[PDB]
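Chemist:
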Amino acid sequence: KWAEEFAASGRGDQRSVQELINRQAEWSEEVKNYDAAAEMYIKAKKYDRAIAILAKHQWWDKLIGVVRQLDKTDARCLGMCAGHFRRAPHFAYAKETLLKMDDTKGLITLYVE
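Residues in the sequence shown are numbered from 116 upward in steps of one, following our numbering.
Below is the structure:
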């Protein structure tokens, strides 16, 4: 509570946004709360750690949630969740993370997928 109170505004002065956010995130990791860990990692700008949570713990819904949270700007989630939605049955997410740029020529390979 008080950690996010600092990490948002502070109580009258700002103190350690990311330290307290990641304390919450790695403590949700500590108590095995990994959907909330990924939710607090996308809060921690650890959308790679969040995306690894949501891939490795089959949470394909929040996997593509972090793909659409870590957007085409930091486009790592797009590509390695074209990969992570190869292992998931979600062909739509692989073809769309390819299609999010265009790559209809590259779709050759991602509609035979």
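Just so you know, even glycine gets a beta-carbon here, dropped at the ideal spot from N, CA and C.
Using only the alpha-carbon positions, how far apart do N148 and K177 sit?
Modeler: If I take the Cα positions, the gap works out to 14 Å.
Chemist: Kindly indicate the opening and closing residues of the alpha helix (DSSP H) around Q139.
Modeler: First-last of the alpha helix (DSSP H) with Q139: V132 to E145.
Chemist: Suppose only complete runs of 4+ residues qualify. What are the alpha helix (DSSP H) ranges in the region 150-198, listed by chain order?
Modeler: As far as the region 150-198 is concerned, its whole alpha helix (DSSP H) runs of at least 4 residues are 162-171 and 175-182.
Chemist: Looking at the secondary structure, which residues open and close the alpha helix (DSSP H) in which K220 lies?
Modeler: Looking at the DSSP string, the run of the alpha helix (DSSP H) that includes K220 is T219 to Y226.
Chemist: Please return the same chain residues whose Cβ sits closer than 7 Å to the Cβ of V181, not counting the five positions on each side in sequence.
Modeler: Answer for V181: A153, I157, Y162, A165, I166, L169 and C192, listed in chain order.
Chemist: Can you grab the Cα-Cα spacing for the pair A190 / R183, in whole Å?
Modeler: Going from the Cα of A190 to the Cα of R183 covers about 10 Å.
Chemist: With DSSP as the reference, label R126 as helix, strand or coil.
Modeler: The answer is coil: DSSP assigns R126 none of H, G, I, E or B.
Chemist: For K210, report the span of its alpha helix (DSSP H) as first-last.
Modeler: Element bounds for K210: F206 to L214.
Chemist: Which class does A118 belong to by DSSP, given the choice of helix, strand or coil?
Modeler: Here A118 sits in helix by DSSP.
Chemist: Alpha carbons only, please: which of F121, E141 and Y226 is nearest the one belonging to residue 304?
Modeler: There is simply no residue 304 to check, as the chain begins at 116 and stops at 228 in what is shown.
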